[PDB]
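Q: One structure, as structure tokens, below. Some questions next.
A quick note on method: Cβ atoms are made from the backbone with ideal geometry, for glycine too, and the neighbour counts reach across all protein chains shown. Read the figures in this text as sums done on the coordinates, not as results from a lab.
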Amino acid sequence: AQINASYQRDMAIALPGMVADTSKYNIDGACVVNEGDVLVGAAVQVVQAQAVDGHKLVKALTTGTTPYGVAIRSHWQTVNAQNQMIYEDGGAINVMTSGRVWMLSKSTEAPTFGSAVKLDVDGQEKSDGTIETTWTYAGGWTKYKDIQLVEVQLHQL
Amino acid sequence: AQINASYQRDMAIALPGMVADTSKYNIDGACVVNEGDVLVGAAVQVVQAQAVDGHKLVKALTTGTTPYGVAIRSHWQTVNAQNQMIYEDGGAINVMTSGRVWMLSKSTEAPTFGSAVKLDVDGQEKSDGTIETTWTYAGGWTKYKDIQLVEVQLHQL
Amino acid sequence: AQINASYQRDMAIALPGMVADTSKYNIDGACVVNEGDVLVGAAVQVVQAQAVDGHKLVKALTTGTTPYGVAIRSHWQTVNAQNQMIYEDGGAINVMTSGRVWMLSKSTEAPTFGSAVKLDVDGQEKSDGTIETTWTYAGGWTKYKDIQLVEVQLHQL
């Protein structure tokens, strides 16, 4: 005769640029894309903070700049482009200034627990990045299909 | 006959010693003004913390002392004097130890976004002040009538 | 006849390993005792953080290790041993990463307010302990029967 068979599959753990736990976090609205496009799991620099109006003009991280926060994942604000989710010019952003988020990584080795995070020129985590941050790792280290992700603990500037 | 007219006026943004945003903030009660009077928009110092009872004895900032927090604005707990709001000797006082608040300042130029806040010998922000804090600027820079205000970001000691 | 009399007595302020105030605190679950037993009012160390599962392996402080948090009193997750409340091996811990807690101290002198906290080898507060922490004192200094307690303010790593 025949022997019946059963299969089992486990879902992934996380997707790029999404929150990790329900710990204390502080997301910031009232942020505008001054120029260009911002990926969901990437660092963000502040070009200028308005005095009277109060909006903060943000931009993608570049060389010789201090990171401020990381964009997060939302199904309403984000625009569908480049086979992913991005924030377009002249639109609001949800930037996380504190908490734990799943970032994008160009690294190939698992990190430690309480070491400082280093970012490269385009705002993605790298083992030997030139840009130094005050954030620390959190322990999470997984990947989604062909995309590598890492968990990072952010602190307020 | 006649041409009708319509006018337009705008309200101010903030008042001295007023909470700026709804971000993560911590307000510490159970504090007593040991001596003197404390203005609403000024920093304070902790003279002594009681071991058993637990009331912290606060005082207006002086020379060579570490600031602790900024008094906040309340219509019930504050007495009116010198055409301003103050906290009198004795009685509870609300001091903010974390969050965004508007502070009195004697500076005349706009401050940068991320930079350490320096205060003078009486607790008002000054660009070339002597006392150095761990707080950082937030971006707000306005003026109510003839009073100059500035927004700062506080951190727990 | 007789003269009637009335008496009065007072309670104790705190018990070891219990939360002091309702300020901004963050209690992290998802922790398991890797080896040994952990007291309620003692610090812990992070042996290893799992990359995929997410649980953090915790232990007792030793020589040369950096503290992470302080165990938290509870009436359900803690067993009673040595006529005291204690966490056992292979069980969930309620480690407090930020906030105010009543620790165990072997010092004999009252501390200051803003000075840094030094711990000893076994993870209890000591006036001249070798291990250096980023935490700061709060002010509480009491004694329950024959056990000395001290209040401390914690910060996220």
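Q: Do the conditions hold for B:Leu61, that is, is it more than 13 Å from chain C (Cβ to nearest Cβ) and either of a type outside the set (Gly, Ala, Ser) or without any contact (Cβ under 8 Å) to a residue 12 or more places away in the chain (or both)?
A: Yes, satisfied.
Q: Identify, please: which residue in region A:111-141 is polar (S, T, N, Q) and in a strand (DSSP E or B) and is, among those, farthest from the other protein chains (Cβ to nearest Cβ)?
A: Applying the filter and picking the extreme gives A:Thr133.
Q: Turning to a different aspect of this structure: Restricting to region B:73-121, name every residue that is surrounded by fewer than 21 Cβ atoms within 10 Å (Cβ to Cβ), among the aliphatic types (A, V, I, L, M) and closer than 22 Å to A:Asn26 by Cα.
A: Answer for region B:73-121, where residues must be surrounded by fewer than 21 Cβ atoms within 10 Å (Cβ to Cβ), among the aliphatic types (A, V, I, L, M) and closer than 22 Å to A:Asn26 by Cα: B:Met96, B:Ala116.
Here's the yes/no breakdown for (1) surrounded by fewer than 17 Cβ atoms within 10 Å (Cβ to Cβ); (2) without any contact (Cβ under 8 Å) to a residue 40 or more places away in the chain:
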site: B:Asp10; (1), (2): yes, yes
site: B:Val38; (1), (2): no, no
site: B:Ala42; (1), (2): no, no
site: B:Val47; (1), (2): yes, yes
site: B:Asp53; (1), (2): yes, yes
site: B:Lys56; (1), (2): no, yes
site: B:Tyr68; (1), (2): no, no
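Q: What strands (runs of 3 or more DSSP E) lie completely within region C:1-110 and have 1 or more residues being within 20 Å of C:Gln156 (Cβ to Cβ) and among the acidic types (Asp, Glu)?
A: Here the list reads C:26-28.
Q: So, in region A:6-40, how many residues would count as being of a type in the set (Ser, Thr, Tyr) and over 17 Å from A:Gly69 (Cα atoms)?
A: Summing the residues that are of a type in the set (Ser, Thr, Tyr) and over 17 Å from A:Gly69 (Cα atoms) in region A:6-40 gives 3.
Q: Can you tell me how many residues in region B:142-157 are in a strand (DSSP E or B), within 12 Å of chain A (Cβ to nearest Cβ) and closer than 25 Å to C:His155 by Cβ?
A: 3
Q: Limited to region B:1-33, what total is found for residues that are within 18 Å of B:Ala81 (Cβ to Cβ) and either within 14 Å of the chain's Cα centre (by Cα) or within 14 Å of chain C (Cβ to nearest Cβ) (or both)?
A: Adding up the residues that qualify gives 3.
Q: Something else about it: Which residue pairs have Cβ atoms closer than 7 Å, lie 6 or more positions apart in sequence or on different chains, and pair a first residue in region A:99-124 that is at positive phi with a second residue that is among the charged types (D, E, K, R)?
A: Note: pairs meeting the criteria are A:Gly99/A:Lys24.
Q: Another question, then. Report yes if B:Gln48 is over 16 Å from the mean Cα position of the chain (by Cα) and more than 19 Å from B:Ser105 (Cβ to Cβ), otherwise no.
A: yes
Q: Return only the number of the condition from (1) within 14 Å of chain B (Cβ to nearest Cβ); (2) in contact with a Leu (Cβ under 6 Å, 6 or more places away or on another chain) that A:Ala43 does not satisfy.
A: So A:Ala43 meets the others, but not (1).
Here's the yes/no breakdown for (1) under 30 Å from A:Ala12 (Cα atoms); (2) basic (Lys, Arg); (3) out of contact with any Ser or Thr (no Cβ under 9 Å at 6 or more places or on another chain):
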position: C:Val44; (1), (2), (3): no, no, yes
position: C:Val58; (1), (2), (3): yes, no, yes
position: C:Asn83; (1), (2), (3): no, no, yes
position: C:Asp89; (1), (2), (3): no, no, yes
position: C:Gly114; (1), (2), (3): no, no, no
position: C:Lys126; (1), (2), (3): no, yes, no
